[PDB]
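Peer 1: Protein sequences, first through last, are from chains H, G, E and F. If you're matching positions, the first sequence starts at 851 in the authors' numbering and goes up one per residue. FYI, the numbering for the second sequence is 750 to 803, 824 to 850, going by the authors' numbering. If you're matching positions, the third sequence starts at 5 in the authors' numbering and goes up one per residue. If you're matching positions, the fourth sequence starts at 5 in the authors' numbering and goes up one per residue. Ideal Cβ positions, reconstructed from N, Cα and C, are used throughout, including at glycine. Below is a structure I'd like to ask you about.
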Amino acid sequence: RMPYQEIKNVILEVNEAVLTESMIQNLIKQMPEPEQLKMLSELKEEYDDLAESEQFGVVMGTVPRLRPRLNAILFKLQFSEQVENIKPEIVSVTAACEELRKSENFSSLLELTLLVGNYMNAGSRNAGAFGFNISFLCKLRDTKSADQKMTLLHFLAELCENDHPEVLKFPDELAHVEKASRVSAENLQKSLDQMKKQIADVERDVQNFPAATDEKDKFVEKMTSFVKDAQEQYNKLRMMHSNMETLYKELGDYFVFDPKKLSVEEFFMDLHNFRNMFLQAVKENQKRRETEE
Amino acid sequence: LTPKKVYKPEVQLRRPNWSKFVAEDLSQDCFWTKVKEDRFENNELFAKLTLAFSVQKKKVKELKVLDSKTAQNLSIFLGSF
Amino acid sequence: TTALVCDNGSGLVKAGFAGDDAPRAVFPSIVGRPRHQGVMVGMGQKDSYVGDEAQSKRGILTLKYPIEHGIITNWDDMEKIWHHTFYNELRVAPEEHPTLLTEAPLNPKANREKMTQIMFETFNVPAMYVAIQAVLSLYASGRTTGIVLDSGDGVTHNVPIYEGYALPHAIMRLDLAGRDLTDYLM
Amino acid sequence: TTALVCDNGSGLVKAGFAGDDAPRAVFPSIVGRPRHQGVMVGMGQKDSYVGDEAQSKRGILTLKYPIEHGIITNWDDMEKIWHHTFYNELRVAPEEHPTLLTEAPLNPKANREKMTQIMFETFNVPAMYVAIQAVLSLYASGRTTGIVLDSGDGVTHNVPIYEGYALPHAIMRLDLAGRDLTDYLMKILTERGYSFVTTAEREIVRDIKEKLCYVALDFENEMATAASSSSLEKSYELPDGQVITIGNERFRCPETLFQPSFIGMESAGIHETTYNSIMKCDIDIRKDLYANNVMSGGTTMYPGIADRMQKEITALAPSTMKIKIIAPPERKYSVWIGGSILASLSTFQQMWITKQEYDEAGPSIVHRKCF
Ligand SMILES: Nc1ncnc2c1ncn2[C@@H]1O[C@H](COP(=O)(O)OP(=O)(O)O)[C@@H](O)[C@H]1O
Ligand SMILES: Nc1ncnc2c1ncn2[C@@H]1O[C@H](COP(=O)(O)OP(=O)(O)O)[C@@H](O)[C@H]1O
Ligand SMILES: [Mg+2]
Ligand SMILES: [Mg+2]
């Protein structure tokens, strides 16, 4: 229910107090072809006789370069949502990588499981193993005993209840693991490459835009301030993703697992399920000790 | 570096079948070069790992053929009839 | 030992042993207390009469029903009903006897909480159970399925049971039974 | 010549003039009849009170809904609803204004036949139209394509429309909405000892459901929170002066929409209904419908529904495509707002069902003219 000259004035000013994301989304999705816009622009003399959609096309046909201009406006209003989707994924992986890096009680658990597991895998293919995968730790519960009453998870929880009562505070140190259990690294790379391509398309739009023939036309000042702000925020996002890729390659060296054999979301789903299985195993061992009393 | 301790237990034990990491893949600053798991070594732990991972009213009734639910609904029916 | 079945209905308490054809002690659940002036000293004048003794002497007593519409309002009166049906009528020791109880459907839960608390603390049985009345009526009829219209003195409820499963969502409760008919006849 | 938009839903009649932003007359669709013995002579004691007068004097009346499960059962009661919303609420003569009407999808056709016959014989307009409620809910969302979960008081239906084309084979219908939630709240309010059996008590329980109930995010975590501490309890003052307090039953009442096994319905939840309605469409058009979940009706006015809906659809759908839920705050009158948008258009002047078309084709041209 807006007048059509008001829609043109909001578009030509880039009136950010009026412009919203879903408005420009609905404007692009119902916009006709620029050949249809130029054919409507040939019939400006009969403006009182054309339809309401056709009177909208006469007013919109006067604005030049309309389809890459509206896509640059669409990428501008979606840039704040695209940073707020991409960045807390990267912070969640980086905080989970930094929490797993120091991780001294869980590192003593990793030394204890490797010593017990190499005694179990003695004479097998895994005999003399220097390390084992962190995503395999859900299957410590699958390693059952001969009487099938306790697991290897239940045996290691009972051993840490008896011998070393400082290992058991490991799963409260894993804080950003469940947030990093649903983050895909390839989708972060595809979105940042789409962000890098679209910033280059807006900066090509900015540089190919002509001089403003109106004092209302604030397209040159506001979009170049956006390109200066978006290139700063992408370089903040590219440095943090390079820090994310360095910390993933550092933990790829640290846990000696390949970066291509497992992504981030199956990495930390198994770590969050190992947190819930160990919390169940201590509560079941405390229940079994209270049952025996 | 040193190779890991080749244990030889008397009894074959149940094992978790992980994908093992050989010494050729290992980096210089990794976790598994700094593993000092022989401070956790115990013969009692290996013995436990070998040992574990190698009436005024008579109302019970033996059901040799029938199951629990069929004998319950029959005794409901025979108690009513 | 022999279990006890004690239907604590709204109007009549029916108590007896397990496996019997007829209930041993059928008596109305009233608590009678005197309202006039007692002039004769001695003579065994109790302050309360429970059961048939309150029915026999009802011309000088105010009678209170401890259960109204399946909900136990007065709980000390309900303890007096339970003590009278354990010690006077049935003449047993309830600390060495299991005791099943009945309950109307769509009841408030705190009635069952206080029933469990009284039956496990004051009248401390080795075991007890709370059962739905329509399931017991369908067991007494002999069939496994069917819909029971059970109407005691306060609660008139339709409960359908299919293959031994009591369906919860189709239980329909109407608070219109024999006490409302008695007041309408009055 | 201003047109009239009149949503005759199961919940409330929403009627008013076309071209406006809010409906002029929003009133519940009940007919109250007296059940006791009238003892005072004179003073104009009517035999039937229609609309808000039945709501005001509800302590002596038996209330009858003329629409049950989206289908008009009683017809003289619906004629009294139409006479009250034409002559008393809007206070205009109906035969000088065109009228737009709303209708549920998958309707029996004789409802449409009798609606056309009543509107062309009793309240005989020069022109009328019958529209689908989901198309009007999608028209007021500022768009053309998308899927509408329209949940009134009786009918909860998912209709996907792609590029203005309503797909008929993917329309799914579940008979679980706010009247059944109100009856389930009447069922679970007796667990605390607050019995509600009359039809006048159903309005009090519906006011409790409107004011105090909310959709939980996790069912088990909120149940453990309510079982742990009494921090979720809320108080309500009854019109006679009594005060009730409720705990977990604030969120167990709209949990039937996401778990329909509580009242004994075999079909799955509304998120699974939406997922099966989108999966009944083509594989190329699913990405537009994943980001265009538009909600409407008074049942979707809970302050917890969008996060639970987004979490359930994101757990259902694959994570490669974007999931977005559209929840405008004006979704209670969005059917009326879409009717006011559609009625004022110059393209809609050729789509009117006129008096001469009714005289030529009977009351059966509404099947072949509309969708
Ligand atoms: N022959 C009869 N005809 C009609 N009503 C009866 C008859 N016998 C008993 N009643 C009614 O049934 C009620 C007793 O029902 P009952 O199931 O014994 O109640 P409760 O078990 O709750 O004490 C009485 O209040 C009485 O009004
Ligand atoms: N804030 C609210 N929270 C929960 N339910 C509500 C709220 N507001 C209204 N409702 C429910 O929505 C219903 C109204 O829906 P409505 O859009 O009138 O459907 P219809 O038009 O099909 O009758 C009412 O019956 C009421 O129970
Ligand atoms: Mg009875
Ligand atoms: Mg409606």
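Along chain E, in chain order, which residues have C-beta atoms closer than 7 Å to that of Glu195/F?
Peer 2: Simply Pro112 and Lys113.
Peer 1: When you measure from the CB of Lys191/F to every non-hydrogen atom of ligand 2, does any distance come out below 7 Å?
Peer 2: Outside the cutoff, so no.
Peer 1: Any beta-carbon of chain G closer than 8 Å to the one on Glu949/H?
Peer 2: No, its Cβ sits nowhere closer than 8 Å to a Cβ of chain G.
Peer 1: Which chain H residues are close to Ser300/F, counting only those with a beta carbon under 9 Å from its beta carbon?
Peer 2: Under the 9 Å cutoff, chain H gives no residues; its nearest Cβ is about 17 Å from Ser300/F.
Peer 1: Determine which residues of the stretch 836-850 of chain G have a Cβ less than 7 Å from any Cβ of chain E, and write them out in chain order.
Peer 2: Going along the stretch 836-850 of chain G in chain order, one finds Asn842, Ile845, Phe846, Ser849 and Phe850 with a Cβ nearer than 7 Å to chain E.
Peer 1: If the cut is a Cβ gap below 7 Å, which residues of chain F does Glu902/H touch?
Peer 2: The answer, in chain order, is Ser350.
Peer 1: What are the start and end residues of the beta strand (DSSP E) that includes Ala135/E?
Peer 2: That run of the beta strand (DSSP E) goes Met132 to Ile136.
Peer 1: Does the beta carbon of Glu790/G come closer than 8 Å to any beta carbon on chain H?
Peer 2: Chain H, which has a Cβ nearer than 8 Å to the Cβ of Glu790/G, makes this yes.
Peer 1: Is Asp157/E close to ligand 3? I mean its beta-carbon at under 7 Å from any heavy atom of the ligand.
Peer 2: Yes, the beta carbon of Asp157/E sits closer than 7 Å to at least one heavy atom of ligand 3.
Peer 1: Count the other C-beta atoms from every protein chain shown that fall within 10 angstroms of the C-beta of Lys18/F, then say buried if there are 16 or more, exposed otherwise.
Peer 2: Buried: at least 16 other Cβ atoms inside 10 Å.
Peer 1: Between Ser1075/H and chain F, is there a C-beta pair that is closer than 8 Å?
Peer 2: Judged by the 8 Å Cβ criterion, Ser1075/H is not in contact with chain F.
Peer 1: Compare the C-alpha of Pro918/H against each of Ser1031/H, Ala1050/H and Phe956/H and name the closest.
Peer 2: Closest option to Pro918/H, Cα to Cα, is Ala1050/H.
Peer 1: If you draw a straight line from the C-alpha of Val966/H to the C-alpha of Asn766/G, how long is it?
Peer 2: Taking the straight line joining both Cα atoms gives about 13 Å.
Peer 1: Do three or more CB pairs link the stretch 923-943 of chain H to the stretch 757-777 of chain G at distances below 8 Å?
Peer 2: Cβ pair count under 8 Å is below three, so no.
Peer 1: Evaluate the contact criterion for the stretch 8-28 of chain E versus the stretch 89-96 of chain E: three or more CB pairs, one atom per stretch, below 8 Å.
Peer 2: Touching, yes.
Peer 1: For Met1000/H, which three-state DSSP category applies?
Peer 2: The answer is coil: DSSP assigns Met1000/H none of H, G, I, E or B.
Peer 1: Between which two residues does the beta strand (DSSP E) containing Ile151/F stretch?
Peer 2: Run containing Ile151/F: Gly150 to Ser155, per the beta strand (DSSP E) assignment.
Peer 1: Assess, as a yes-or-no matter, whether the stretch 161-169 of chain E is touched by the stretch 52-63 of chain F under the definition of 3 or more beta carbon pairs within less than 8 Å.
Peer 2: Touching, no, given that fewer than three Cβ pairs across the two stretches are closer than 8 Å.
Peer 1: I'd like to know if the stretch 130-138 of chain F and the stretch 230-247 of chain F are in contact, where contact means that at least 3 CB-CB pairs between them fall below 8 Å.
Peer 2: The answer is no - the stretch 230-247 of chain F does not touch the stretch 130-138 of chain F, with fewer than three Cβ pairs under 8 Å.
Peer 1: Identify which residue in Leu877/H, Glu904/H and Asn876/H has its Cα closest to the Cα of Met889/H.
Peer 2: When only C-alpha atoms are compared, the closest one is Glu904/H.
Peer 1: Give the DSSP bridge partners of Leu104/E, in chain order.
Peer 2: Answer is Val9/E and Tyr133/E, bridged to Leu104/E.
Peer 1: Label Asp25/E either buried or exposed according to how many other C-beta atoms from any shown protein chain fall within 10 Å of its C-beta, with 16 as the threshold for buried.
Peer 2: Per the 10 Å Cβ criterion, exposed.
Peer 1: On the three-state DSSP scale, how would you describe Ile327/F?
Peer 2: Here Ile327/F sits in coil by DSSP.
Peer 1: Skipping 5 residues on each side, what residues in its chain have a beta carbon closer than 8 Å to that of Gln928/H?
Peer 2: Answer for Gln928/H: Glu871, listed in chain order.
Peer 1: Nearest by alpha-carbon distance to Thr351/F: which of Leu960/H, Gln875/H and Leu900/H is it?
Peer 2: Comparing Cα positions, the closest option is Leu900/H.
Peer 1: Leaving out five residues on either side along the sequence, give the residues of the same chain with a beta carbon under 6 Å from the beta carbon of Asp1120/H.
Peer 2: Excluding positions up to five away in sequence, the list reads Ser985 and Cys988.
Peer 1: May I have the straight-line CA-CA distance separating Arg915/H from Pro884/H, to the nearest angstrom?
Peer 2: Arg915/H and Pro884/H: Cα-Cα distance of roughly 9 Å.
Peer 1: Mind checking whether the beta-carbon of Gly13/E lies closer than 7 Å to any heavy atom of ligand 3?
Peer 2: Yes, Cβ of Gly13/E sits closer than 7 Å to a heavy atom of ligand 3.
Peer 1: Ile122/F by DSSP, collapsed to three states: which one?
Peer 2: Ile122/F falls in the helix class under three-state DSSP.
Peer 1: Taking the alpha carbon of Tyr1084/H as the reference point, which residue from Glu863/H, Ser891/H, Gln1039/H and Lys999/H has its own alpha carbon closest?
Peer 2: Nearest option by C-alpha distance: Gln1039/H.
Peer 1: For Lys1068/H, which option in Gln855/H, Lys858/H, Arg851/H and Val864/H has the closest C-alpha, if you only look at C-alpha atoms?
Peer 2: Per the Cα distances, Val864/H.
Peer 1: Which residues of chain E have a Cβ atom closer than 7 Å to the Cβ of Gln825/G, listed in chain order?
Peer 2: What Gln825/G touches in chain E: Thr5.
Peer 1: Starting from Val860/H and walking both ways along the beta strand (DSSP E), at which residues does that stretch end?
Peer 2: No beta strand (DSSP E) contains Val860/H, which is instead part of the alpha helix (DSSP H) from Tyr854 to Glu863.
Peer 1: The stretch 855-872 of chain H: which residues have C-beta closer than 8 Å to a C-beta of chain F, in chain order?
Peer 2: Per Cβ criterion, the list reads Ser872.
Peer 1: Using the beta-carbon of each residue, which ones in chain H are nearer than 8 Å to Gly20/F?
Peer 2: Under the 8 Å cutoff, chain H gives no residues; its nearest Cβ is about 16 Å from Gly20/F.
Peer 1: Does ligand 4 have a heavy atom nearer than 7 Å to the CB of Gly301/F?
Peer 2: It does: the Cβ of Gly301/F is within 7 Å (strictly closer) of some heavy atom of ligand 4.
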